[PDB]
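Engineer:
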Amino acid sequence: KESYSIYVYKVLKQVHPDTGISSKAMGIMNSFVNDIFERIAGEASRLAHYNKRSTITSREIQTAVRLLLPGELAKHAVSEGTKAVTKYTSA
Amino acid sequence: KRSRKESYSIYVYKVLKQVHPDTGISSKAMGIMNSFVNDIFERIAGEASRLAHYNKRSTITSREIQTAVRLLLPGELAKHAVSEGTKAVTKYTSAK
Amino acid sequence: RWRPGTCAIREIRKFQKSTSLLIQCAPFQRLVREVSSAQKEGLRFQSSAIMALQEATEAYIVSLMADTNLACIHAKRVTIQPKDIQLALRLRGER
Amino acid sequence: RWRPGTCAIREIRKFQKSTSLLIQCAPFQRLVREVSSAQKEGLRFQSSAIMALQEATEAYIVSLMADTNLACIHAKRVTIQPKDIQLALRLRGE
Amino acid sequence: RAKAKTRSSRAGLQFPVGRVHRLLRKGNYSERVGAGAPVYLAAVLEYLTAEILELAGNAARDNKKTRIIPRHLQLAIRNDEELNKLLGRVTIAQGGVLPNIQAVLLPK
Amino acid sequence: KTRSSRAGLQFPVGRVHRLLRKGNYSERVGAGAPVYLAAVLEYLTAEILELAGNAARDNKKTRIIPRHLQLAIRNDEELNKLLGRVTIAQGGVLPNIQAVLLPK
Amino acid sequence: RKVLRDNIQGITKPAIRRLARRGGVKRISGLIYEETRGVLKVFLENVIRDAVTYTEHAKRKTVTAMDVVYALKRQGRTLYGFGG
Amino acid sequence: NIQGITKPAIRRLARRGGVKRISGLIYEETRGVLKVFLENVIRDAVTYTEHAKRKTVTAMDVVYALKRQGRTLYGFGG
DNA sequence: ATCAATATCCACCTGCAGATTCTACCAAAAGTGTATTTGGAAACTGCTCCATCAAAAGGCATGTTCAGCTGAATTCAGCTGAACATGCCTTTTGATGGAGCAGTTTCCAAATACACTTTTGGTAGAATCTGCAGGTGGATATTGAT
DNA sequence: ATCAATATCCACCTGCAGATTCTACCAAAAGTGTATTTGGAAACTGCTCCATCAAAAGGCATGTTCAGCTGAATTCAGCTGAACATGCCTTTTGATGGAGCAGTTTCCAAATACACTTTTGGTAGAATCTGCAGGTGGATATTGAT
Numbered sequence: 034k035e036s037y038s039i040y041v042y043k044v045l046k047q048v049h050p051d052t053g054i055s056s057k058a059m060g061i062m063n064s065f066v067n068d069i070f071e072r073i074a075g076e077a078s079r080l081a082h083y084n085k086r087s088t089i090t091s092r093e094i095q096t097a098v099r100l101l102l103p104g105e106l107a108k109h110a111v112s113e114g115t116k117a118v119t120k121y122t123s124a
Numbered sequence: 030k031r032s033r034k035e036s037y038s039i040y041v042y043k044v045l046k047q048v049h050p051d052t053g054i055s056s057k058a059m060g061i062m063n064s065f066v067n068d069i070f071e072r073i074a075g076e077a078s079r080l081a082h083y084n085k086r087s088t089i090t091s092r093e094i095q096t097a098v099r100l101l102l103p104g105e106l107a108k109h110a111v112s113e114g115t116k117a118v119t120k121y122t123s124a125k
Numbered sequence: 034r035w036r037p038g039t040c041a042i043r044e045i046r047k048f049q050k051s052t053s054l055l056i057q058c059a060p061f062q063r064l065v066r067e068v069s070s071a072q073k074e075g076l077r078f079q080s081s082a083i084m085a086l087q088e089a090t091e092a093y094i095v096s097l098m099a100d101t102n103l104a105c106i107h108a109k110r111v112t113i114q115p116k117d118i119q120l121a122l123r124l125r126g127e128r
Numbered sequence: 034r035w036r037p038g039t040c041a042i043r044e045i046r047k048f049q050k051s052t053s054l055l056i057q058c059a060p061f062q063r064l065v066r067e068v069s070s071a072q073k074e075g076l077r078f079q080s081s082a083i084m085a086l087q088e089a090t091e092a093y094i095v096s097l098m099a100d101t102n103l104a105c106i107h108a109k110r111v112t113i114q115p116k117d118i119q120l121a122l123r124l125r126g127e
Numbered sequence: 011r012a013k014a015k016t017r018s019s020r021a022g023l024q025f026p027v028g029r030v031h032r033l034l035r036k037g038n039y040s041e042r043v044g045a046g047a048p049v050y051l052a053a054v055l056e057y058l059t060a061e062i063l064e065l066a067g068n069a070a071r072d073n074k075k076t077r078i079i080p081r082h083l084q085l086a087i088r089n090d091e092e093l094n095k096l097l098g099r100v101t102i103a104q105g106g107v108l109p110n111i112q113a114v115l116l117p118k
Numbered sequence: 015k016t017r018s019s020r021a022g023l024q025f026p027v028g029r030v031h032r033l034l035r036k037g038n039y040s041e042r043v044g045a046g047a048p049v050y051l052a053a054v055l056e057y058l059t060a061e062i063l064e065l066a067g068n069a070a071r072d073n074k075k076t077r078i079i080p081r082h083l084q085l086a087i088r089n090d091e092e093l094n095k096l097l098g099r100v101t102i103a104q105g106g107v108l109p110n111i112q113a114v115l116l117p118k
Numbered sequence: 019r020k021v022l023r024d025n026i027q028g029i030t031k032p033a034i035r036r037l038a039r040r041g042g043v044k045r046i047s048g049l050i051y052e053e054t055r056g057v058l059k060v061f062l063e064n065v066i067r068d069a070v071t072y073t074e075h076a077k078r079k080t081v082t083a084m085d086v087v088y089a090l091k092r093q094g095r096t097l098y099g100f101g102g
Numbered sequence: 025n026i027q028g029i030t031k032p033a034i035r036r037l038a039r040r041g042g043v044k045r046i047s048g049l050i051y052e053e054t055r056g057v058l059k060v061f062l063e064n065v066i067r068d069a070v071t072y073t074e075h076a077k078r079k080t081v082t083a084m085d086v087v088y089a090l091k092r093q094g095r096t097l098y099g100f101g102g
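Chains as they are written, first to last, in the deposited numbering: chain H, 34 to 124; chain D, 30 to 125; chain E, 34 to 128; chain A, 34 to 127; chain C, 11 to 118; chain G, 15 to 118; chain F, 19 to 102; chain B, 25 to 102.
1) Identify which residue in C:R32, C:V43, C:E41 and C:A52 has its Cα closest to the Cα of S18 of chain C.
2) Under 7 angstroms, CB to CB, which of the residues in the stretch 30-45 of chain F have a partner in chain E?
3) Can you find the residues in the same chain that come closer than 8 angstroms, C-beta to C-beta, to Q95 of chain H, ignoring five residues on each side of it along the sequence?
4) Using a cut-off of 8 angstroms between C-beta atoms, extract the partners of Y98 of chain F located in chain D.
5) Taking the Cβ atom as the reference point for each residue, do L115 of chain G and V111 of chain A lie within a distance shorter than 8 angstroms?
6) Which two residues bound the contiguous beta strand (DSSP E) that contains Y39 of chain G?
7) For a cutoff of 8 angstroms on Cβ pairs, would you count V54 of chain C as touching chain D?
8) Mind listing which residues of the stretch 35-47 of chain C have their C-beta closer than 7 angstroms to chain G's C-betas, in chain order?
9) How long is the line joining the alpha carbons of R123 of chain E and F61 of chain A, rounded to whole angstroms?
10) Sorted by chain position, which residues of the same chain lie with C-beta nearer than 8 angstroms to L97 of chain C's C-beta, five sequence neighbours on each side aside?
11) Between the stretch 45-57 of chain F and the stretch 44-63 of chain E, are three or more C-beta pairs nearer than 8 angstroms?
12) State the beta-bridge partners of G53 of chain D as determined by DSSP.
13) Straight-line CA distance for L97 of chain F to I94 of chain E?
14) Along the chain, where does the alpha helix (DSSP H) that runs through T52 of chain E open and close?
15) Using CA atoms only, rank isn't needed, just tell me which of A:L64, A:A99 and A:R43 is closest to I83 of chain A.
16) Select from the stretch 75-100 of chain F all residues with a C-beta closer than 8 angstroms to any C-beta belonging to chain C, and list them in chain order.
17) Of all the alpha helix (DSSP H) runs that stay within the bounds of the stretch 44-121 of chain H, which reach a length of 4 or more residues?
18) At a Cβ threshold of 8 angstroms, is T71 of chain F touching chain H?
19) Exposed or buried, which one is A108 of chain A when buried takes at least 16 other CB atoms within 10 Å?
20) Which class does residue 108 of chain B belong to by DSSP, given the choice of helix, strand or coil?
21) Of the residues D:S91, D:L102 and D:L101, which one's Cα is nearest the Cα of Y121 of chain D?
22) Quick check on this structure: which residue in E:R43, E:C40, E:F78 and E:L55 has the alpha carbon closest to the alpha carbon of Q104 of chain C?
23) Going by the CB atoms, is the gap between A69 of chain G and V48 of chain H shorter than 8 angstroms?
24) Quick check: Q79 of chain E and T80 of chain F, are their CB atoms within less than 8 angstroms of each other?
25) Using the Cβ count rule (16 or more neighbours within 10 Å means buried), how would you classify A121 of chain A?
26) Can you grab the Cα-Cα spacing for the pair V98 of chain D / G37 of chain G, in whole Å?
27) When the Cα atoms are used, what is the spatial distance from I118 of chain E to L97 of chain E?
28) I'd like to check one pair, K44 of chain F with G38 of chain E: are the Cβ atoms closer than 8 angstroms?
29) What residues of chain G sit near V68 of chain A, judged by a beta carbon separation below 8 angstroms?
30) Quick test of the definition: if touching needs 3 or more C-beta pairs under 8 angstroms, does the stretch 54-63 of chain H touch the stretch 36-43 of chain H?
31) Between the Cα of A69 of chain B and those of B:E63, B:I46, B:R78 and B:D85, spot the shortest distance and give me the residue it belongs to.
32) Can you give me, in chain order, the residues of the stretch 43-54 of chain E that have a beta carbon less than 8 angstroms from any beta carbon in chain C?
33) Could you please give me the residues that DSSP links to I46 of chain F through a beta bridge?
34) Expressed to the nearest angstrom, what Euclidean distance is found between the alpha-carbon atoms of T16 of chain C and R72 of chain D?
35) Could you tell me which residues DSSP puts in a beta bridge with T80 of chain B?
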């Protein structure tokens, strides 16, 4: 059975190299990641159906992020997403 | 350059003549009906998809529709709904 | 001369019986285009689409008025006050 | 001797600072199994599953208490009354 | 061959089981879709539409009109407990509201 | 060499790709969509972890517990707007006593 | 298009009075109208934000009614009567 | 057995909510509302389990039952 | 209780904007016949769950006092509703320009399906840290008397 | 406002038992590389639908008055709820036995997905009807003043 524990631990070592995290908080983190993934994927599927489109490109993810994140957060989120997409495509 | 699009208008009219043979219905109320049917269909199908995914199963049998109806409809609405659904399913399986 | 509150009570009956739009369509359409052009220049609207906005806003505000009036009845008054609206918005899980 | 409300206010700080379960676990499991057997007999429970119910019930009721207290502050009082609980549930869309 | 009777007739419904089947397949709910699911779902949809349409018809005739308009639908939904619990998060255009004045605001 | 490193992320783009395909969201799934989504998820997780870590510094502790997460979420505007319909086990609540109930 | 100015003046005081009378209110304080227009404008800004995002994703300059229905549904406010 | 939820426990829950003064008539409405919430949640959760053809109620069933009511809960698997 | 004065239902009539029915096509179900999955049945296998039992303890239930709080009763200044005169702007309706959709076709950049070959994160142990529960000592806050 | 005196937190230190962190391996995803389809982007274009634009009116908003009635402010008596002390028992914590399920694997009969070919019910106009909206007139019900 899969889980996001290791990647959350990697990000934690990125932003706080010395600090640890409890197991209960790890379960909180996994639950959060899955819930957010569910929100984004759901809005993306609905956006796909709304335009008689059968594929999901990163444009739909961008629009779903713009719809689900309120204001000050969506800008940073879109910036990091487009950054990752460009850095992945260019090389 | 004139197009076409499907809709539930005719079936809603059939049910209307079923329960009240004299009464008519306006076009706006018909649009209300279409939106309502589509909303309920979306709710039921969505809960059915979640029920399917929750058990590592990739198919949707009428069992999932029944349990979703039991989850989303409050009381006697769910009871009668399950009754009519089971009636229709048992009538369809016999292929008579 | 009508006593105060009587002409008001019988107003509630007419407006709770009717369904037509209680806001003039031209000023509501002016404001919608104001905000839409505030978010993006040169945007158009379907004639039906603006009707959708008016129904939703009217329904939202009507429900908010009913809940505010409930807050007033609970506070043992009849005159609604902004002290009551911010209570309703706080308990609706939206503010 | 402490004034009335003083021992209560400084209690509010205790419970708003702590996070442990505020309900005794034994009576809460007795009720859960009562209702569960009321809807279906012979059902078992994961130890983790019942802990989920206690957290959810505690959070729901705590939020309801805060909103009721807001209704009292608005009604210009401090003592919560059943007149206030039914107002909160009515404005909660419930 | 076997002369074709539609699935709606085999199930005894008014809603097309085939179209519901197509929406179930192409709707991105599950990869495969059973055979009794569209029958069951079309039956449920027919039942609920029959419910609200009967209520709206009676509410319309109580107003002495022979044609269902949105107001009749609003009255039919809001005067029932279960349907209102189902559609509490829904508003109906051209619908109006339920006539209800609190007893505190009435004359004495 | 992996897609996660090629994109500069910490979250596995392959896992997001598999979950997106097998999740019954759409018949076809683009190539940049899983990268984009994994990037957004990484950003938000980094946000909440930085906030919780800073709150743990304000509490002078070196291990993140649920209380730190609850305090970090409820003290922020955007995150609180995002998760208003969420409860956190072992979390507690924000210490707030109304001004009307205080002495003096 | 136009540098519009002061369209909130179009929401008249008696119009808000009528909306309140439909809501079942008997007596109204003068301070209500301000908060009313404020809440109305905030809600409108949210809904139009989401609708314009739907349109800009749809590669169009026109805001159809379905876009409004989606924008409302995102806020947990299903609306019937304009889906067709 | 719902009467087993003692008065001082309800007092503690209210004090966490920020309430200063509590009426005696509160406890009845309190236990009633709690009983309604518990009945709903257990109804949906037991339906989720009974659909999976099992006799044990896991925590994920509870999490789903709560999520259906618009009440996401983190800490037990989703 | 009466009585004048408005406001309100109820029915009726007619023209018409819209709902209904009738007809002619056509996209899509229905039917036939393969090819592919999959839920499910059988047999184990551990594994959490349930059921007792003891004991330490601290939370619960009871009862008593007392203070502050809430509901009742009163007053009144001011505010808001009803009215009326004034005038301003929102509604209907028609017509055009054209802009912006929809609809139609055509052709790749991208996605899918497989066949192998690596990489890895998941599971089960071995071996460290660190907030929890206390403890003092100091710093505040409360409560009561001058 | 001060001031002595508890009580109550707050700050810092401290040991340790329980989670925490670190290691050693592998089924199953993840990655690479072909053999193919395919959705969707690009380009026109047919054509609704939107946006202005005009203008009188008559319906409604605005501004001002006046009075009645409501919200705000005050007093206060009685009672309800908090605080506190008490003692008893219900809760937790630890430990066992074993039993009833979940969960894992394996192997098919049955159900469903595809690949094509006909048969229609459904849909979009054309051609018909037809309840409903306005507009009067009568008969009540409601409201306010004596």
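By construction, the Cβ of each residue, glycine as well, lies at the ideal position given by its N, Cα and C atoms.
Structural biologist: Judging by the given coordinates:
1) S18 of chain C has its Cα closest to that of C:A52, out of C:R32, C:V43, C:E41 and C:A52.
2) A33, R36, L37, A38, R39, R40, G41, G42, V43, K44 and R45
3) Excluding sequence neighbours, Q95 of chain H sits near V111, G114 and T115.
4) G60, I61, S64, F65 and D68
5) yes
6) No beta strand (DSSP E) holds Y39 of chain G; DSSP gives it neither H nor E.
7) yes
8) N38, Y39, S40 and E41
9) Between the alpha carbons of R123 of chain E and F61 of chain A lies a gap of roughly 31 angstroms.
10) If we look at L97 of chain C and ignore the five residues flanking it on each side, its Cβ neighbours are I87.
11) no
12) The beta-bridge partner set that DSSP reports for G53 of chain D consists of C:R77.
13) 15 angstroms
14) Neither: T52 of chain E is in no alpha helix (DSSP H) and is coded neither H nor E.
15) When A:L64, A:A99 and A:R43 are compared, the shortest CA-CA separation from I83 of chain A is found for A:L64.
16) If the cut-off is 8 angstroms between Cβ atoms, the stretch 75-100 of chain F has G94, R95, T96, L97, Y98, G99 and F100 near chain C.
17) 56-83 and 91-101
18) yes
19) It is buried - the Cβ of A108 of chain A has at least 16 other Cβ atoms within 10 Å.
20) Because chain B is modelled from 25 through 102, residue 108 of chain B falls outside the range shown and cannot be assessed.
21) D:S91
22) E:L55
23) In this structure, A69 of chain G does not lie closer than 8 angstroms to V48 of chain H by Cβ.
24) Taking 8 angstroms as the cut-off, the beta carbon of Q79 of chain E is found closer than this to the beta carbon of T80 of chain F.
25) buried
26) 22 angstroms
27) For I118 of chain E and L97 of chain E, the distance between alpha carbons rounds to 8 angstroms.
28) yes
29) For the C-beta of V68 of chain A, not a single chain G residue is nearer than 8 angstroms; the gap to the nearest is close to 20 angstroms.
30) Counting Cβ pairs under 8 angstroms, three or more are found: they touch.
31) Taking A69 of chain B as reference, the option from B:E63, B:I46, B:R78 and B:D85 with the minimal CA-CA separation is B:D85.
32) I45, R46, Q49, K50, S51 and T52
33) E:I113
34) 26 angstroms
35) A:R77
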